[PDB]
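Engineer: coords please:
(2 chains)
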Amino acid sequence: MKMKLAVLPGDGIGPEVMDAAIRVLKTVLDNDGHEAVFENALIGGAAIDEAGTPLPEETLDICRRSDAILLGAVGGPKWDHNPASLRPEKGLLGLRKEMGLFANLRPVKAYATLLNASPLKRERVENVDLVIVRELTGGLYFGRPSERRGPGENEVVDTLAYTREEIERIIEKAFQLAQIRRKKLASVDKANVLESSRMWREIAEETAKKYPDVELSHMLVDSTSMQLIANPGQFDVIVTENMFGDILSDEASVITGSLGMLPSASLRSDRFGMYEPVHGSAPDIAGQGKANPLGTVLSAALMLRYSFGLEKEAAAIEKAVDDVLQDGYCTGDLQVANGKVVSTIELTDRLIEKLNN
Amino acid sequence: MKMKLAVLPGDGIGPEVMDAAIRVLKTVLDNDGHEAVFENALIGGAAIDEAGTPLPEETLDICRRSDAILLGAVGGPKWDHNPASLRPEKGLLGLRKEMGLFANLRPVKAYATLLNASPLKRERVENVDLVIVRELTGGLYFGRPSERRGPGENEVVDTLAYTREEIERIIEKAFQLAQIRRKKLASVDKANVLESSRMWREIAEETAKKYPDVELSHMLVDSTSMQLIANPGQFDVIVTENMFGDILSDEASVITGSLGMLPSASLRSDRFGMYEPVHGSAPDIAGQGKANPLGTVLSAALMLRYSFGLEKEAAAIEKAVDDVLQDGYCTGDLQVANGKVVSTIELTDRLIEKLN
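Structural biologist: Residues are numbered from 1 along each chain as shown, chains lettered A, B, ... in the order given. Next up is the structure itself:
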């Protein structure tokens, strides 16, 4: 019913696409009597310019108080001469850690008027409607030791380190997700070699008993690789570790041709999450009105669903987006069927129109 | 010239496909006085029966005295239910370990007749012609600690370990291969996070100096992932560590729609090498004259190219293969343009028939 959304526009096209999203968001909620509050906070270069830090204290306070957090994008050449800790990106990663977000969702859906842009033949990419869940916290990435020895640096090592809990929490959220979707989950691992994988597969099996309605299937990372190309239509929800997830996520991006309008979510154990578009800030297109708001809008859609259970409301936005693209409208970047180019503002106005239909 | 070759047909359709390779090989070699000395041996399940072990010491001696080793495939229902030590696969692993083969070279190229079947839109997959060189010896696959640490074993770890030499050799090999190809090497890693990758790139950069005529590029595994889909034609020779190469290899397998006629090869620091088709044993198919010999036949050509340097000879084989596929011929597994299914012996006959 009531919801306090933390809004963090950011840099570049960030604000543009955010306004577009908020508009769509507002209408949808209005149509069902929902009351929402939007507190705007700074992050990235903006925050740096106004508070010296890419992630000011006020912003954290707002986020902690909020039911969820909507983000645009951060980045720009103005801050590229600063040390890593004093750059846009840092504020983003910081915010993610402070909120304790471990799950990262990267949905990938096939849009009919976009199949011509798909690197694959229509027959395959057609029907693709999956979501990849990635472990953000642990993995081969943060695992120590990572060093050289020898002497003379003759030997080097990296460590894949996971705690039973880190694996439990993610596989749990994965199940809960597949449960509100087509109830099909694919635990991808390398259980044939990695011990961490063996632990993962065990826990997958265990958690399964708790969600008997969800079909658990086990796949080895390398097979999934081929399958994302020759049969991505089979996947509903895919759960996987950090390193493997990173890879698969990127692979799945290109398959539909919808890259550029891809949303994402970084969830945790409860109904809180940070939703933002995959695309960057693209400071070059700043102000010119070519900023593509579709990604951010679809993000707001994910928010409503995953953080508020507002399915009906979420589907509205998803349909609008689909229909408008079905009509051939885009801001210029997407290669929609029969090119009908409009501006950031218009494409938005269109989405709203379709909503009050 | 003369060339002693170990022939390990293996089991299943192994001996069927291995035949074709031998026939074709002879047809080609007898073009300019080439003494092809073949010496058959046992391995995998076959060996298990007539020797008790998946890898008979006799086979090793055979191998150790051969210029290169051709192989069919190993595996079967019969031996799959016995202990791990008496499983046919270990014979292969062992032999590879005994010969010290570290680099796994697995080529992927487009074949016009199969273009309709590719998962990628014609324009993308067309013209593809790359080779992925994967490191086999080290990495996260062979590295301890790899256990569940307490309390209550509620912690687990795996180790990615590499030695300066394991890396140096794989990269030098890669460079050398690029030099005989289009002179373009793509070193793939995760050098922004993995210290092993950081070291890998360093070494890759240093080796580049010794091969100034080869264009080196560094790509992150993940980018390389989407590139194999979006623009696979940009690659020539890709090189990377175990884990990464295992994945990428599999990814690139389907892109051209030729998985089933794809050959592989395991090499080491010298001209010696082991060549085998990527396909399994396929027991249920055994004897029915429907096994695809192309995969093994291509492996034979790779052998002539990488072990003996007989480029013109390898070229002829690959041409012959294309032409047969050009005429819409296969055994049923492939989906050629105007498809015509014939038997294994038949295709082979055509291959030879085209081979002259």
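Engineer: ok, residue A:223 - contacts?
Structural biologist: residue B:250 (CB atoms under 8 Å, 6 or more residues apart in numbering or on different chains). (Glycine included, C-beta is placed from N, CA and C.)
Engineer: in which helix or strand does it reside?
Structural biologist: helix A:221-230 (DSSP states H and E).
Engineer: that helix versus helix B:242-254: what angle between them?
Structural biologist: Computed with axes from the mean of the first three to the mean of the last three CA atoms, to 10 degrees, the direction of helix A:221-230 lies at 30 degrees from that of helix B:242-254.
Engineer: mind exporting helix A:221-230 as CSV, just the C-alpha atoms?
Structural biologist: The C-alpha coordinates for helix A:221-230 follow below in CSV (Å, rounded to 0.1, in the frame of the first residue of the first chain):
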residue,chain,number,x,y,z
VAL,A,221,28.6,-24.4,-16.3
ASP,A,222,30.2,-25.5,-19.5
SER,A,223,26.9,-27.2,-20.7
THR,A,224,24.9,-24.2,-19.8
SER,A,225,27.3,-22.2,-22.0
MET,A,226,26.2,-24.2,-25.1
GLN,A,227,22.6,-24.3,-24.0
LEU,A,228,22.3,-20.5,-23.7
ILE,A,229,23.1,-20.5,-27.4
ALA,A,230,21.3,-23.5,-28.8
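Engineer: quick one: buried residues of it?
Structural biologist: Of all the residues in helix A:221-230, those buried under the rule 16 or more other CB atoms under 10 Å in any protein chain shown are A:221, A:222, A:224, A:225, A:226, A:227, A:228, A:229, A:230.
Engineer: the residues you listed into JSON lines, with extra columns for distance to chain B?
Structural biologist: Below are these laid out as JSON lines (distance: CB to the nearest CB, whole Å):
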{"residue": "A:221", "distance to chain B": "6"}
{"residue": "A:222", "distance to chain B": "4"}
{"residue": "A:224", "distance to chain B": "9"}
{"residue": "A:225", "distance to chain B": "4"}
{"residue": "A:226", "distance to chain B": "5"}
{"residue": "A:227", "distance to chain B": "9"}
{"residue": "A:228", "distance to chain B": "8"}
{"residue": "A:229", "distance to chain B": "5"}
{"residue": "A:230", "distance to chain B": "5"}
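Engineer: farthest-apart pair in those residues, please.
Structural biologist: Farthest apart among the buried residues of helix A:221-230 by CB to CB are A:221 and A:230. That separation is 15.5 Å.
Engineer: which stretches of the stretch 201-350 of chain A form strands?
Structural biologist: For the stretch 201-350 of chain A, the strands defined by DSSP state E, counting those that start in this stretch occupy A:215-220, A:237-240, A:263-267, A:273-277, A:329-330, A:340-341.
Engineer: ends of stretch A:186-195, what's the gap?
Structural biologist: Chord length of stretch A:186-195, first to last residue, is 19 Å (CA to CA, to the nearest Å).
Engineer: can you give me the buried ones in that stretch?
Structural biologist: Those buried within stretch A:186-195 under the rule 16+ other CB under 10 Å are A:186, A:187, A:188, A:189, A:190, A:191, A:193, A:194, A:195.
Engineer: any idea which element residue A:133 lies in?
Structural biologist: Element membership of residue A:133 [criterion: DSSP H and E] is strand A:129-135.
Engineer: check whether that strand contacts chain B.
Structural biologist: No. Judged by CB under 8 Å from any CB of the partner chain, strand A:129-135 stays clear of chain B, getting no closer than 11.7 Å.
Engineer: ok, now stretch A:154-170?
Structural biologist: Yes. Judged by CB under 8 Å from any CB, stretch A:154-170 comes into contact with chain B at A:154, A:155, A:156, A:157, A:158, A:159, A:160, A:161, A:162, A:163, A:164, A:165.
Engineer: next SSE after the helix or strand where the fifth one lies?
Structural biologist: Of the helices and strands defined by DSSP H and E, residue A:158 is found in strand A:155-163. Once the chain leaves strand A:155-163, the next helix or strand it forms, by DSSP H and E, is helix A:164-180.
Engineer: quick one: distance of whatever helix or strand comes next after that next one to the chain centre.
Structural biologist: Once the chain leaves helix A:164-180, the next helix or strand it forms, by DSSP H and E, is strand A:184-189. Relative to the chain's own centre, strand A:184-189 is displaced by 18 Å; criterion: CA atoms, centre = their mean, to the nearest Å.
Engineer: ditto for stretch A:272-285
Structural biologist: 10 Å.
Engineer: so which residues of chain A form helices?
Structural biologist: Here chain A has its helices, by DSSP state H, at A:14-30, A:44-51, A:57-65, A:88-98, A:122-125, A:164-180, A:195-210, A:221-230, A:242-256, A:294-308, A:311-326, A:344-355.
Engineer: out of those helices, which is closest to residue A:113?
Structural biologist: Closest approach to residue A:113 among the helices of chain A (CB to CB): helix A:311-326, 5.1 Å.
Engineer: tell me what the strand holding residue A:133 is packed against?
Structural biologist: Under the contact definition 3 or more CB pairs under 8 Å, 6 or more residues apart in numbering or on different chains; DSSP states H and E, strand A:129-135 sits against strand A:103-109, helix A:164-180, strand A:237-240, helix A:242-256.
Engineer: contacts only, for the spatially most central residue of chain A.
Structural biologist: The residue lying closest to the centre of chain A (CA atoms, centre = their mean) is residue A:264, at 1.2 Å. By CB under 8 Å, 6+ apart, residue A:264 lies in contact with A:104, A:105, A:106, A:107, A:275, A:276, A:277, A:278, A:299, A:302.
Engineer: list the contacts of the residue nearest to residue A:80 when sequence neighbours are not counted.
Structural biologist: Distances taken as CB to CB, 6 or more residues apart in numbering or on different chains place residue A:87 nearest to residue A:80, at 7.6 Å, with adjacent residues excluded. Residue A:87 makes contacts with A:48, A:54, A:79, A:80, as judged by CB under 8 Å, 6+ apart.
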